[PDB]
Amino acid sequence: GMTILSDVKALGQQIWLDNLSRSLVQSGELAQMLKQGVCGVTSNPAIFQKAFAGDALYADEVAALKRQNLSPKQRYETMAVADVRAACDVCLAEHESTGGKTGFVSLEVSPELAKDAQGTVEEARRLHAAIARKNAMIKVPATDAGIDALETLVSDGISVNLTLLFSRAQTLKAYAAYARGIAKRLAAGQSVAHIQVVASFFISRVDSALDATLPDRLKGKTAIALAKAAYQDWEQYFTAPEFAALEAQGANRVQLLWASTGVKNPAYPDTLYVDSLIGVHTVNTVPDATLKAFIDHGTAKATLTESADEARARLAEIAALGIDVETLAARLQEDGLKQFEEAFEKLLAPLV
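Going by the deposited numbering, the sequence shown opens with residue 0, and the numbers climb by one from there.
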């Protein structure tokens, strides 16, 4: 039942909604969610493509924007920034109730910038200013250029959702870039206590890529095992003396966020990823149908750290089979960028 959302918050995990639309906000639905255990919102270009195509409240906005001399991208941004700013206002009470530790809304930069660090910084700074809300995160793909940009954006005081992570190695690189940006602010006497970063580590895509060719005992297991191992890495990194020295001065830890947590194989229970990945100081962003399913028949238990030995043994067998999870992660990140760019191009065409 609905109280499962509060039970998960007591276990130290925030549940966010991986969807956004003009009607979700305007109808009052988002505000009602924020009073009843949803703690944040994520978007991406596919989410906006579907919202713009299906939500009747965009029609008049598009008609208005087509009367102006604006590029398709500008029309999209005017729409999306307005939705994000409105959602930020809905989430502000929650955000301020935790001292700025919850209640975030994420907006992603253009996919075509993913391998351009300077262009990413420029767009992220601009979108941060355009939204004009303390509880907005700019979503940036975790390519090498994105990790370069992360360091700069953190040093600028901007909260960031680093997305399309599938790799423990790339995640650790992100933590190091974050720490460098925080250290640069502390050295300059600037505040750090309101800078928040999430590392959005994608789940279902790993199982989708591997399961058809895995043995029986591994089908549907690899994504969860990787996530468990990533969380162990997180505990080690952020408790080390180097980070503790920053946290003592007000720095916030990055938090792992489980994304792509809708189940995509009907052979697995629809709450598998949410149920299996609950642990302290994490986030799980879920699509509507998965949120529904979790409220109806999910389970709130601290599962993320259970059976870490089995996760290690499974990852050793994945390697034994010749699956290089770092090679896989790069291909999945590439896949995901292509897919997001395809969605973005699909949403721009009706805005010409």
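All residues carry an ideal CB built from backbone N, CA and C; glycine is no exception.
Between the segment 278-297 and the segment 1-9 there are three or more inter-stretch CB-CB distances shorter than 8 Å, so the stretches are counted as touching. Judged by DSSP in its simplified three-state form, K100 adopts coil rather than helix or strand. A187 counts as exposed, since fewer than 16 other C-beta atoms from the protein chains shown sit within 10 angstroms of its C-beta. The beta-carbon separation of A123 and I137, rounded to 4 Å, stays under the 8 Å limit for a contact.
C87 and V104 have their C-alpha atoms roughly 6 Å apart.
Assignment of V108 by DSSP, reduced to helix, strand and coil, places it in the coil class. Non-local C-beta neighbours of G219 in its own chain, meaning closer than 8 Å and more than five positions away in sequence, comprise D206, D210, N264, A266, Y267, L271, ordered along the chain. Within the segment 167-217, the runs of alpha helix (DSSP H) at least 4 residues long that lie entirely inside it are, in chain order, 167-186, 203-209. Separation of the CB atoms of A141 and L112 is rounded to 13 Å, and the pair is thereby denied contact status at 8 Å.
When DSSP states are grouped into helix, strand and coil, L10 belongs to the coil group.
Going by DSSP, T281 is part of no alpha helix (DSSP H) but of the beta strand (DSSP E) stretching over 281-285.
Taking C-beta atoms as the reference points, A198 and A173 count as a pair closer than 8 Å. Secondary structure of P265 (DSSP, three-state): coil. Looking from the CA of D334, the closest CA among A182, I317, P110 belongs to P110. Contact annotation: the segment 41-61 does not touch the segment 291-302, with fewer than three C-beta pairs closer than 8 Å. Within the model, the alpha-carbon separation for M32 versus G261 is close to 19 Å. Taking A182 as the centre and dropping the five residues before and after it, the same chain places the C-beta of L245 closer than 7 Å to its C-beta, in chain order. Per DSSP, the beta-bridge partners of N160 are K138, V197.
The DSSP-derived three-state label of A239 is coil. Restricted to the segment 9-43, the alpha helix (DSSP H) segments that are unbroken, complete and at least 4 residues in length are 21-25, 28-33, listed in chain order. For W15, the CB contacts under 8 Å within the same chain, skipping 5 residues up- and downstream, are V37, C38, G39, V40, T41, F103, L256, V282, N283, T284, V285 in chain order. Boundaries of the alpha helix (DSSP H) around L314: 307-319. Residue pairing for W257: DSSP places it in a beta bridge opposite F200, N283.
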